[PDB]
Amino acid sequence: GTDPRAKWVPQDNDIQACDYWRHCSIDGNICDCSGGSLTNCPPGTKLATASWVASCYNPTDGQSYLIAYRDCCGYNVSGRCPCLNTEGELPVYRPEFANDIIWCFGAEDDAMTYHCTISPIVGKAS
């Protein structure tokens, strides 16, 4: 398929694909693939309130957005639509941009197992 080392090319036409522009720093599985959606958690799982950010280029409007990702927690890993992108991803000592961390904090019932990640926008980037 893709040359994995090639520069990531965003698209704005399929949210289940690993090159969907909002997933530029996703790590894990797309929630849309296990019964969530782009910005919602699947039934039974618990929404984290922690997030990490990236500035993701949206080739639809030429604008870069801040995507503050959020984990859906308390389920085993969905195993569907796995992806790992790291645009602007910084190491763990810049946790506000670091994406190996299980960002499940604040999830209800202290859920801390990783199920999938959602990609909501929270601002415009500069």
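In case it trips you up, residue 1 is the first one in the sequence shown, and so on.
Among all modelled residues in its chain, residue 117 ranks in the middle third by Cα B-factor. Annotation for residue 9: CA B-factor lies in the highest third of the chain's modelled residues.
Placement of the Cα temperature factor of residue 62 within the chain: highest third of the modelled residues, per the deposited record.
Ranked against the other modelled residues of its chain, the C-alpha B-factor of residue 29 as given in the entry falls in the middle third. Among all modelled residues in this chain, the alpha-carbon of residue 86 has a temperature factor (C-alpha) in the lowest third.
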